[PDB]
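In: All I have is the shape, not the residue letters:
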RNA sequence: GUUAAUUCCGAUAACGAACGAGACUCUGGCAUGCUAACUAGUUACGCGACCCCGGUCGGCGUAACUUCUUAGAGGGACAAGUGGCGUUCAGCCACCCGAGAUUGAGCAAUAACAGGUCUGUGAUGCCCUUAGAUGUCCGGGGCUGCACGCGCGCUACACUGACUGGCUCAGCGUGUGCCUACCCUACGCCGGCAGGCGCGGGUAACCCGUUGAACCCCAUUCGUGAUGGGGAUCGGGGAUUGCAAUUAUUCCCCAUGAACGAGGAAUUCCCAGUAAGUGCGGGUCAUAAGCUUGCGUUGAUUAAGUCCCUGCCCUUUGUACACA
């Protein structure tokens, strides 16, 4: 396929980015999509070079945490691939579109900080970072000490975050941070 | 942090002062020129000196440089100093003369003159800036 | 760095001597200092204003 | 109160005690004649859209 | 004003300067250009083996060569070019071209510490002992002792995992000793194992070794149970090193199977091949790495800011401090 790039068996197109605030910071359309999210590096050398990294590679890199799993990128690529398979076999839509909708519906629009704390809004790149971290933390919390595997838990977290039924841990922490920011303002 | 030091800068000023005709604009030409004319024991210091020579030549092409003595710019400075203009603004047919100056010239030897023009005195003695 | 044994105690002597540079290398080193930039003097030449020739043979 | 969108046109300086909030001039993309100054967490480059939940609160300029 | 910098621009009772920084040396990628290679390989052949003209062979040998290997001269990067900010000076940001447009280590100024070392010296001053020795040697014990607390580390608290097979990848390195009695090991037999026995190779790009190292990749067993996680404690046995293992020197087999369910106040290190996971070399070594120093694989999150906390450096101010 020299014309279009097939992410595994998934097309680059049919990705409807609804939020206009994230069209530059979600790099999935027509330039940064690849076959597999595995790569070499160099994306974190400059300040705003991190935004040019694709979001599937960012989930791949943020999944490996907690000592025993730091440095298994092929293994978490396997995790993300089987999780995309479970997302398609439950929803029936594009798992990339489900993940983009999960980022949009899970990224908190405000936060609290210290200048007694005051509520300020966040950068869109910071909101993408917070959404990825909250969904990865929810997936790891759901997969810690459970029969349900890491791919099934990450699939359930992304599908519940795209649905917005307040069942995902990322959605729950987003609502908690929104309530705390509405309180201390 | 890419800032040149005095051992680069003063040596480059001496090189441009003594060998201005041999130096040019291209970095890879005047780098080898500075290598041949000056004994620099290291390529890094040689590149620093050559880069500061190129930057001073850019300053010369943009305009005059204070801390340099170029023979051509000194000749141009001497020509602009020795340039003789047209007839003077001191030689005028109408010279405005204040009345008290006319009185002191009358009290001197040359009272009545040829090409002077006495003017009216500035009525209203308001010449000081207000306070505060 | 040398020692000297006096009657009361032992004193230490540190003598550090910086050697000057020579092109030959007998009284000092052969490689010059890195900070010292050696610049030669240009020869006193006269620019010609009339095209002449030096034909021989 | 509705939810608005605003494009960053100029960043002013680092605010806060630890230096964690940028002082950001935002132009409202709905009405471009009205622009405000806020504090925004995270890295901010000039020329991106932010989602403001309310436009009532506004921090003091230092 | 600017910089990692008393680094420069520029005013200026300053001028000429000096140490430090910078500069310097080494390490690392850029070279299809030079020098070279039977202590390293590549391409073509002469064969030989296997499969149905073609493919593989670290199986052998050779006509060129250094692309892979190594080390020498080098070269290459300097804010070089463009667009902005800035006294248009010192400089800063982005970008085309480009392997790098801030790699790391060493050295590192004046002056001081009543810092550590007399237990490194046949470096040494003063005091003490000096024959029933504080000299020296031999035999044994101890430096490991255990109601307790603290510090650096290792193992885990698991299903992103454990176990079992298959597959597949390195470089720092080290290697037969003045005395010195002690080297690294290929291969074949005995045994499950630690190991034992024989001939070999190597003073080292020759031999270990193409250094067939782990995580990781694939396929079964497990099923949220202190369970096939974990391996503390303890019994029986077998070998290696040493004159001597008892207070198990170390290694291996079976069995017993504790706490630990992500850890409080508080606190350590770090921002790019970095942290972290992971294994391999040297020193300690007769036997030996839960340490340290180097090296390799996988390899991120977050930040390009600040004096808020802890400190440091210039200017001013106040002092009744100057072992400040």
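Out: Alright, I've got the coordinates. Numbering: from 1, shown residues only, chains lettered A, B, ... in the order given.
In: contacts, neighbours, all on C-alpha from now
Out: Will do.
In: Give me every residue in chain C lying close to chain A.
Out: Contact residues of chain C with respect to chain A, defined by C-alpha under 8 Å from any C-alpha of the partner chain, are absent.
In: Residues of chain C that sit close to RNA strand E?
Out: C:3, C:5, C:7-10, C:34-35 (C-alpha under 7 Å from any atom of the strand).
In: Keep those, but drop any that are not near chain B.
Out: When contact is defined as C-alpha under 8 Å from any C-alpha, the residues of chain C next to RNA strand E meet chain B at C:34-35.
In: Which residue does chain B have closest to chain D?
Out: Nearest to chain D in chain B, going by C-alpha to the nearest C-alpha, is residue B:1, at a distance of 22.0 Å.
In: Looking at the residues of chain C next to RNA strand E, state which has the most neighbours.
Out: Across the residues of chain C next to RNA strand E, the neighbour count under other C-alpha atoms under 10 Å in any protein chain shown reaches its highest value at residue C:35, namely 12 neighbours.
In: Quick check: closest non-adjacent residue to that one.
Out: residue B:7 (6.9 Å; C-alpha to C-alpha, 6 or more residues apart in numbering or on different chains).
In: which other residues reach the helix or strand that neighbour falls within?
Out: Assigned by DSSP states H and E, residue B:7 belongs to helix B:6-18. Contact partners of helix B:6-18, identified using C-alpha atoms under 8 Å, 6 or more residues apart in numbering or on different chains, comprise B:23, B:34, B:38, B:45, B:48-50, B:52-53, B:67-70, C:35, C:37, C:39, C:41-42.
In: does that helix come close to RNA strand E?
Out: Yes - in terms of C-alpha under 7 Å from any atom of the strand, part of helix B:6-18 sits within range of RNA strand E, namely B:6-7.
In: What helices and strands are in contact with the helix or strand just after that helix?
Out: Moving toward the C-terminus from helix B:6-18, the next helix or strand (DSSP H and E) is helix B:27-37. Secondary-structure packing of helix B:27-37 (3 or more C-alpha pairs under 8 Å, 6 or more residues apart in numbering or on different chains; DSSP states H and E): helix B:43-62.
In: Enumerate the residues of chain B near chain C.
Out: Near chain C, the residues belonging to chain B are B:7, B:11, B:15, B:18-19, B:37-42 when assessed by C-alpha under 8 Å from any C-alpha.
In: Tabulate those residues in CSV, adding columns for neighbour count and distance to residue B:130.
Out: As requested, these are exported to CSV (neighbours: other C-alpha atoms under 10 Å in any protein chain shown; distance: C-alpha to C-alpha, whole Å):
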residue, neighbour count, distance to residue B:130
B:7, 13, 54
B:11, 19, 55
B:15, 22, 57
B:18, 17, 57
B:19, 16, 59
B:37, 16, 65
B:38, 18, 64
B:39, 15, 66
B:40, 22, 65
B:41, 17, 67
B:42, 11, 66
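In: residues near the residue of chain B found nearest chain A, how many?
Out: As assessed by C-alpha to the nearest C-alpha, chain A sits closest to residue B:1 within chain B, at 16.8 Å. Applying other C-alpha under 10 Å, we find 3 residues neighbouring residue B:1.
In: That one sits in which helix or strand?
Out: Short version: residue B:1 belongs to no helix or strand, going by DSSP H and E.
In: quick one on the thing from earlier: of the residues of chain C next to RNA strand E, closest to residue B:100?
Out: Relative to residue B:100, the closest of the residues of chain C next to RNA strand E is residue C:35; by C-alpha to C-alpha it sits at 69.7 Å.
In: Report the secondary structure element holding the closest one.
Out: With the criterion set as DSSP H and E, no secondary-structure element contains residue C:35; it sits in neither a helix nor a strand.
In: Provide the backbone phi and psi angles at it.
Out: Recorded main-chain torsions at residue C:35 are phi -80, psi -30, according to degrees, to the nearest 10.
In: Please work out the residue of chain D nearest to chain A and name it.
Out: In chain D, the residue that lies nearest chain A is residue D:16 (4.0 Å; C-alpha to the nearest C-alpha).
In: Oh, that last question was meant for chain C, not what I typed.
Out: For chain C, the residue closest to chain A is residue C:34, as judged by C-alpha to the nearest C-alpha, at 34.2 Å.
In: If I follow the layout properly, that residue ends up in contact with residue B:42?
Out: Yes - when contacts are counted by C-alpha atoms under 8 Å, residue C:34 is listed as touching residue B:42 (7.3 Å).
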